[PDB]
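Since the structure comes first, as structure tokens, the remarks are kept for the end.
Convention: sequence-line order gives letters A, B, ...; per-chain numbering from 1. What you see below is based on every heavy atom in this structure, not just the backbone, and it leaves out hydrogens, waters and symmetry mates.
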Amino acid sequence: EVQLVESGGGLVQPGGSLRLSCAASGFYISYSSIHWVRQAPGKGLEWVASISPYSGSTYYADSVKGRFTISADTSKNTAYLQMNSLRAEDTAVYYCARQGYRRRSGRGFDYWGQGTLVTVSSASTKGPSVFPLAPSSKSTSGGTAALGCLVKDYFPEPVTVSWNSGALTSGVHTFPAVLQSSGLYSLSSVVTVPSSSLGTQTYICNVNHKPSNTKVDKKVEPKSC
Amino acid sequence: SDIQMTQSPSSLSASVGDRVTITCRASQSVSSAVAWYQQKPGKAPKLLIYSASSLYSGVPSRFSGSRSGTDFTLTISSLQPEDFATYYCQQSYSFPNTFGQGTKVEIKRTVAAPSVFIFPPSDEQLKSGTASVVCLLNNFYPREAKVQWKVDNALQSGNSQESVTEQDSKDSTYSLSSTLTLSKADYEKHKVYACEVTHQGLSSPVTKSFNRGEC
RNA sequence: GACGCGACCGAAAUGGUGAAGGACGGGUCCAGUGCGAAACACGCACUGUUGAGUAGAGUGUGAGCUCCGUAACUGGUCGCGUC
Ligand SMILES: [Mg+2]
């Protein structure tokens, strides 16, 4: 019954500002400490800030002090993180977390939201180009062919990839995106399939990049000789 | 001084049923104000242990925490399949609060060599002036693997990026993609494009290659 | 010995006075632990080994005690009066 939902993430340019919110339900934030914790992609958890009940005392990590402000609006049962002078290194999933009740769980953070992604970058929103990774005109390695789609040069995260509108899941590997030196992301999704089906089975990669209004489907077939 | 929480090991491989211990060493006294969290890929962390040794409500008793001075341990007495995850310690003794760096607990299995595939750039991409060459290493174990790109037998350096999947929930293997990026002009100046792979499960290096503009 | 008067002593009490710091306490101060939906701030409880400046980091006509007084008395002693 206890839930936290963070919102307000998205893309911002270096030096810009962004306000995150953390909407609580199933409890009243006035009786709890509320914390913000962030996680850069592929990295660990980093404590950001907290606000104490009854006093309103606020505390900040050295890395954000003077730039971030935590606050609470009890009439919306919502906590906020105002982020100013943002830098590329502030790119992260931002979680809000409730510190639980002292008698029940000490100072542990007993409930966490799902997180909201904040991307700080001078790159502009851009949809991917989707290119086929065609099954090789030889036979194949093992007994199975491999094919895929290359999802190149999009911004920001995330994109979703499926195969055959979700029907094909076995043997699918969709790789974590890499940030290229251009500032754009790229990833590939591959699937291993029987080589004997390459000319009669249909393989379509479905790519959706909601920030750029880019949704495409690419049929991946063998080429010529 | 901020309190440092030094967490070890950064990762460990274990079998279902094994007893494993994860350690967090604080840089000053934190009394017993230490919590442990579990986090699965793409998901929010979940509280396991609070106040160093107290089991959080609803957590299975195979999870335990212990305090030895300023050294803290999380033990899983018998790993179950749902326990493979990343674990984090956290001190709440003083502000600013501090997390340890995390320990990823992965599932041990038998060595499996990769299946290797190379993909030339599509004719569609070449139209735009860039060539991406992709090498796939499929379903291998352990995670350690070396991919080298050769262009007309010259070893490349600095112009590729790699990505690795999470351990597969079924067969417990990894897969890896390596992408070599060249301008179209550079790509068309050479013929043979090769991906050379070394892995524990391979008795000798494996090369997959294509000739530019061939089938 | 009784009644009576006085002085001296004692004296419950009391006006003023000024030293003592954690072994007089505290609604003094500091710290720690727990509790209050509560890490700080606020409140309560508890534990503190130079906890800790003796009259103030105090806005106690605080207790006790020192020193100078005063003193109920239905206490003692001595003198004197009457028998
Ligand atoms: Mg307090």
Is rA57(C) paired to anything, Watson-Crick or G-U wobble with both distances less than 3.5 Å, and if yes, which nucleotide? none
Under 4.0 Å, heavy atoms only, any strand: does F27(A) hit a base, just the sugar-phosphate, or nothing? nothing
Would you mind pulling out the nucleotide paired to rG64(C), Watson-Crick or G-U wobble, both distances under 3.5 Å? none
Looking only at side chains, do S132(B) and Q125(B) share a donor and an acceptor under 3.5 Å apart? yes
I34(A) has an atom CD1; how far is it from atom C1' of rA39(C), in whole Å? 15 Å
Rounded to the nearest angstrom, tell me the gap between atom CD in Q90(B) and atom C1' in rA39(C). 12 Å
Does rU61(C) pair up with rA39(C), Watson-Crick or G-U wobble, with both distances inside 3.5 Å? no
With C1'-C2'-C3'-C4' as the criterion (positive north, negative south), name the sugar pucker of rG56(C). south
Which is more 5' along RNA chain C, the nucleotide nearest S50(A) or the one nearest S31(B)? Just name the residue. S31(B)
Output field: Watson-Crick/G-U pair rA13(C) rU49(C), thresh under 3.5 Å: no
Please measure how far the P atom in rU74(C) lies from the corresponding atom in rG6(C), and state the result in whole Å. 12 Å
Looking at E82(B) and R62(B), is there a salt bridge between them, counting it only when a charged N and a carboxylate O are closer than 4.0 Å? yes
Do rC42(C) and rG36(C) pair up in this structure? I mean Watson-Crick (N1 to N3 plus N6-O4 or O6-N4) or G-U wobble, both distances under 3.5 Å. yes
As a test of the definition: with a 90° window around 0 for syn, would you call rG26(C) syn or anti? anti
In terms of ring plane angle, is the pair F68(A) and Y94(A) parallel, tilted or perpendicular, where the classes change at 30° and 60°? tilted
What is the pairing partner of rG27(C), taking Watson-Crick or G-U wobble pairs with both distances under 3.5 Å in any strand? none
What pairs of nitrogen or oxygen atoms, one from the protein and one from nucleotides 35-38 of chain C, lie under 3.5 Å apart?
residue : atom : partner : partner atom : Å
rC35(C) : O3'  : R103(A) : NH2          : 3.3
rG36(C) : OP1  : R103(A) : NE           : 3.3
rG36(C) : OP1  : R103(A) : NH2          : 3.4
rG36(C) : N7   : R102(A) : NH2          : 2.9
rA37(C) : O2'  : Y31(A)  : O            : 2.8
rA37(C) : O2'  : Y54(A)  : OH           : 2.8
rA38(C) : OP1  : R102(A) : N            : 2.9
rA38(C) : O2'  : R102(A) : NH1          : 3.0
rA38(C) : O2'  : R102(A) : NH2          : 3.4

Partner check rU33(C) against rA45(C): Watson-Crick or G-U, both under 3.5 Å: yes
Using a distance-only test with no angle check, is there a side-chain donor-acceptor pair under 3.5 angstrom linking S8(B) and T23(B)? no
Is it the case that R98(A) places NZ or CZ above or below the six-membered ring of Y111(A), under 6.0 angstrom from the centre and within 45 degrees of the axis? no
For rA19(C), the Watson-Crick or wobble partner whose two distances fall under 3.5 Å: none
Any chance the bases of neighbours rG32(C) and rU33(C) are stacked, by the 5.5 Å centre and 30° plane criterion? yes
May I ask you to say whether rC73(C) and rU74(C) are base-stacked, judged by six-membered ring centres under 5.5 Å apart and ring planes under 30 degrees? no
With a 4.0 Å cut-off, would you call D18(B) and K108(B) a salt bridge? no
Within residues 62-71 of chain A, find the residues that approach RNA chain C with a heavy atom at under 4.0 Å, and present them sorted by residue number. none
To the nearest 0.5 Å, tell me how far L45(A) CG sits from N97(B) CG. 12.5 Å
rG53(C): syn or anti, with syn meaning chi within 90° of zero? syn
Distance, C1' atom - from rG51(C) to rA57(C), rounded to whole angstrom: 16 Å
Using atom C1' of each nucleotide, how far apart are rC67(C) and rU33(C) to the nearest Å? 46 Å
Parallel, tilted or perpendicular: ring planes of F109(A) versus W112(A), cut at 30 and 60 degrees: tilted
Which base sits across from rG75(C) as a Watson-Crick or G-U pair, both distances under 3.5 Å? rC9(C)
Inter-nucleotide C1' distance (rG43(C), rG15(C)), Å rounded: 41 Å
Is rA12(C) base-paired with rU50(C), counting Watson-Crick or G-U wobble geometry with both distances under 3.5 Å? no
Nearest-Å distance once atom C1' is located in both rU70(C) and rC30(C): 44 Å
Inspect the contact between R109(B) and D171(B) and indicate whether a charged nitrogen and a carboxylate oxygen are less than 4.0 angstrom apart. no
Is it the case that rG21(C) and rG22(C) stack, meaning their six-membered ring centres lie under 5.5 Å apart and the ring planes differ by under 30 degrees? yes
In whole angstrom, give me the gap between the P atoms of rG69(C) and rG76(C). 27 Å
Pairs in or reaching into residues 183-193 of chain A: which pass side chain to side chain donor-acceptor pair (under 3.5 Å), with residues at least two apart or in two chains? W163(A)-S189(A), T174(A)-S189(A)
If the plane angle is over 60° it's perpendicular, under 30° parallel, otherwise tilted; pick one for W47(A) and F95(B). tilted
Whether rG32(C) and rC46(C) form a base pair should be assessed as Watson-Crick or G-U wobble, both distances under 3.5 Å. Do they? yes
With the thresholds 5.5 Å for ring-centre distance and 30 degrees for plane angle, say whether the bases of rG51(C) and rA52(C) stack. yes
Is a salt bridge present between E166(B) and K104(B), judged by a nitrogen-to-oxygen distance below 4.0 Å? yes
Reading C1'-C2'-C3'-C4' for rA38(C) with positive as north and negative as south, the pucker comes back south
What is the glycosidic conformation of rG60(C): syn, defined as within 90° of 0, or anti? syn
So which nucleotide does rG4(C) pair with, by the Watson-Crick or G-U wobble rule with both distances under 3.5 Å? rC80(C)
